[PDB]
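A quick write-up on the structure given underneath.
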Amino acid sequence: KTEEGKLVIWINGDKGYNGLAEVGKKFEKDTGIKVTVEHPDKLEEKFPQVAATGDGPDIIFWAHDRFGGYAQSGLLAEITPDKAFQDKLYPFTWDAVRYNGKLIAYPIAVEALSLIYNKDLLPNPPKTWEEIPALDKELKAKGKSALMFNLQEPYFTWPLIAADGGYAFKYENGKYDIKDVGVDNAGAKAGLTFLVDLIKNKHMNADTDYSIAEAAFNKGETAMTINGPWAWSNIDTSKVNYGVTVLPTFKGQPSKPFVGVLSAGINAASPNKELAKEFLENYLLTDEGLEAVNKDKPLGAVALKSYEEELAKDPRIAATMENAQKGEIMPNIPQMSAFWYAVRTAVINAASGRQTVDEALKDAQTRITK
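Numbering-wise (the deposited numbering), the sequence shown opens with residue 1 and increments by one.
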């Protein structure tokens with residue numbers, strides 16, 4: 001047999017020392033556990049680098065996107081096939097970090113987006129953004145707008161442009177692969193087109209940055225935004241009284257949200273599965289593990305179906321999962337850089353009138369895929 005008396009856990013959430021340390025203590029008091037939790041910046045690069053020299057006892061917790069990649073070439077130990085293990089979780093939060101009858105980790109955070117309504121000093125529309133011209137027109141009359149938010153990001157802005165019908169990659173049983181890229185479709189155009197309409201007459205310019213746009217809502221002269229447990233985890237002074245709703249409609253379709261799985265997997269190759277497999281299985285599946293973290297946790301996030309229910313208590317998660325599953329999960333290849341650069345260029349290509357967006361970006365597909 002192989003028994004030890006140490007437990008290392010890597011997490012980049014900034015918390016969970018009381019519960020993680022308190023639990024392992026319990027394992028120690030019975031006969032063999034000492035758990036440590038580190039929260040560095042290179043955690044991801046460090047982990048695979050340390051993993052390779054001589055780390056051993058020590059797990060890693062971070063988004064699935066790079067864990068996907070690292071999983072392929074980086075340093076994740078693609079767990080083996082089980083029955084009740086995968087059969088005991090739910091289809092959405094576990095499907096985010098799931099491969100063709102495979103999976104290299106457990107998720108613990110759902111990134112998504114919901115509609116928030118301003119009450120006290122902000123009257124919102126019933127179902128269409130189309131009201132902006134009208135409702136914003138009224139705001140203009142004084143000095144404000146109905147809706148304020150970012151001004152150049154994918155994930156969220158991407159989702160809208162996705163409304164009509166431009167998906168990222170083509171997911172087909174196997175994988176998007178590469179030769180099927182349908183982002184730059186009539187819907188991406190049509191979608192960004194309606195966006196261009198907004199900026200075309202009211203917004204006019206489009207240099208409001210994340211930090212600057214942040215300042216805009218900071219003063220609070222807008223009566224509506226679309227956000228969720230992903231871009232704004234630590235909500236700012238945005239009127240205590242606010243509603244929490246599902247995203248709105250657009251050209252007969254819902255915006256495509258980017259899917260986020262914050263998950264801690266067991267190494268690349270196989271790190272003492274006996275100790276980690278039992279505790280994780282016997283504690284994480286307890287209100288002590290799952291809920292001790294949760295308390296440490298902030299608000300939006302995840303950690304196993306049962307705890308999904310307890311955690312679900314908050315209106316955030318329910319919406320967070322609803323969108324997380326009905327959207328696009330970041331691929332699993334290094335080519336993603338080709339798009340971010342192409343779409344950001346193309347986007348800027350459409351906003352200044354010097355264009356060649358369809359082509360620059362379309363051809364981009366040709367390049368990124370060929």
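Quick reminder that beta carbons are idealized off the backbone N, C-alpha and C, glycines included.
On the criterion of 16 or more Cβ atoms from any shown chain inside 10 Å, does residue i qualify as buried, or is it exposed?
i: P81; result: exposed
i: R367; result: exposed
i: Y341; result: exposed
i: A269; result: exposed
i: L121; result: exposed
i: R354; result: exposed
i: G191; result: buried
i: residue 382; result: Nothing can be reported for residue 382: it is not among the residues displayed for the chain, which extend from 1 to 370.
i: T128; result: exposed
i: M148; result: buried
i: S337; result: exposed
i: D287; result: exposed
i: residue 377; result: Missing from the structure shown is residue 377; the chain here goes from 1 to 370 and no further.
i: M204; result: exposed
Among the options, which residue has its Cα nearest to the Cα of residue i?
i: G289; options: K189, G16, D177 and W340; result: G16
i: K170; options: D180, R98, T208 and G68; result: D180
i: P229; options: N218, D296 and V244; result: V244
i: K102; options: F92, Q86 and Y90; result: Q86
i: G260; options: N332, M224, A21 and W10; result: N332
i: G166; options: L139, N218, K251 and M224; result: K251
i: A51; options: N272, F339 and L280; result: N272
i: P298; options: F156, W232 and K277; result: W232
i: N323; options: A96, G74, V240 and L43; result: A96
i: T36; options: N18, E45, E44 and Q49; result: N18
Would you report the Cα separation of residue i and residue j, rounded to the nearest angstrom?
i: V246; j: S114; result: 5 Å
i: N12; j: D41; result: 7 Å
i: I59; j: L361; result: 39 Å
i: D30; j: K88; result: 28 Å
i: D55; j: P254; result: 45 Å
i: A71; j: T208; result: 37 Å
i: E78; j: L262; result: 16 Å
i: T222; j: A109; result: 29 Å
i: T2; j: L275; result: 9 Å
i: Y283; j: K6; result: 16 Å
i: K26; j: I9; result: 16 Å
i: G68; j: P123; result: 43 Å
i: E309; j: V23; result: 22 Å
i: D314; j: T93; result: 16 Å
Notebook entry, point to check: Where are the alpha helix (DSSP H) runs, 4 residues long or more, that stay fully inside the region 172 to 207, in chain order?
Noted result: 186 to 198
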